[PDB]
Every structure is written in C-alpha cells, then in structure tokens.
C-alpha cells in the first residue's frame, strides 16, 4: 500500500493510486512540514510530527492550491452509513472512512519488543473496498494491512468517542475540479519556502525545550506519543530520498544523515518510555540540534534544487 507520511495522507494516496487520480501522490510525497502543540502535549494527544490530525488540513489546502483537488468531509448516522457506503462503492469503488483504531490494531508491536500494547480510542483511516451482509473488507494503508471486520465492529468503530473527538461515520471524498499538473521541483520549492517562512524548524526547538522540562515528570507516555508522532517526519525524509532517486534531484548531501538523526531521536524516546534509560537532557539536546540542521538543510534545498 501507499505509505504517505501519516494515516490521512496514506488513505488519500492509496485511494489515488488504486483509481490513478493524478497529482495526489506527488503532492503527498513532496510534503515538508513540522508542527508542535503544547496543549496537545499535556493532554497526551498526537502533539508533534509532520501535521496536526486526524485530518491533515494543510495537505487539503495543498491539494486545492496546486491541483484544484478538493477533499469533502461527509458525516452520517447509524441508520444511513452502510446504505450510503453501498452507493459510494457503486459510484467510486472505494470509501475513505474515519475509524477508531481501538478496533483495528493493524501494527505488530511485538516485532519491536512491546508486548504491553495499551488499548486506546484514537481516530485512524481505512479504505472500505467491499460491503457484505455481516462483514466488510478494509485496507489500513498506513500499516500495509487489510482485514475482514464484522459489520458490528465496523459500525461501532465509526461511531466511537476517541481522545481526539467523536466519530460519526465520517467519510472523505476526493474530487478533481480540473487537475493542474506540477513539476516535483515546484512542489518541493513551495514546501521548503513555506517551511522557512512559517519557521517550522522553530516548532522542533519548542518540542526540544518541552522534552528538557520532563526531567522529573513521573509519567513517560509523552515519550511513546512523541515516538509515534515522529514516524511522519521519518516518512517525509524517506519520501524526499525516494523523490531524489526517482527524479535525480539536487539535494544537500546530509539528507540521509538527517533521517538517521530523527531515527536516533525516535529510538531514544522509545528507550526512555520503555524504562531502558533516564536521558531527557540527551533527547532534548538531539532535538534542538536537529532543529538547526533542518533549518540549514531547508535553506540549502532552496539554493540547489
């Protein structure tokens, strides 16, 4: 399945790939973003990484602004959701749905030695491919997993209260109003220019300073949340490496090194959470160092691209 850089972008891109909808994948693969929300940090919601969620509104703006592609949110009800689903499958073949990940658990945490897989009501995305009498078929494109789910579990998952709001059978419809094609260099220039002008590297520094202040926080789950949140940043870095390879782009020479720096930050957050270490000072230092490295990298991308 199409990885994207977050659950929402993975779902849009998987839909786009299966239905050869032009430009959606390229606009996702060329995204360059960082956010930090101190209020979400202290409510242990998804507080950093590529984009606020679960819907990536900045990506929606990019799709409209560059390709004249709209993403329309539909809201439904218990009585109407499945019949509306059948009509969507007849007309478009797929439906992108908001789902409580509590009912999906698409990722094998035991592969990374985490056996205490704490259950959480978190909104995620699935691509619905088939409606049966007592079951549906879904793809979780972010975790490259597909399953048959009972009709009961499907309906429950689409109607549950999560830590990040109330799901009411929400579905996302991508429609092109007249697609403008972009060169990958144009899409990257706009993103890197926006990254610098909005001082997104500054939000990395803020994250670093907040990590330093958790020295004596007895609660460590911010570090697991941070670990999960930063997978989006690793994916954007890998996506840009893949774009560099495909289109023979000129990049500053330290792109792989930056990906490695984010992978190390993630490793140390995971080790801290798992009581492997006691090193918030070290983690905060690495975050503040990568903030400056990312600012410098972005300035150099605008020069050499």
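Residue numbers count along the first chain shown, from 1.
- Taking the PDB entry as given, 115-123 carries the higher mean Cα B factor of the two stretches 230-238 and 115-123.
- Averaged over their C-alpha atoms, the temperature factors of 90-98 and 158-166 are higher for 158-166.
- Of the residues listed, 33, 279, 68, 60, the entry assigns the biggest Cα temperature factor to 279.
- For residue 143, the recorded CA B-factor ranks within the highest third of the chain. Only modelled residues enter the ranking.
- When the CA B factors of the chain's modelled residues are split into thirds, the value for residue 38 lands in the highest one.
- The PDB entry assigns residue 299 a C-alpha temperature factor belonging to the middle third of its chain's modelled residues.
- Ranked by Cα temperature factor within the chain, residue 105 sits in the highest third according to the deposited record.
- Sort the chain's modelled residues by C-alpha temperature factor and residue 184 lands in the highest third, per the entry.
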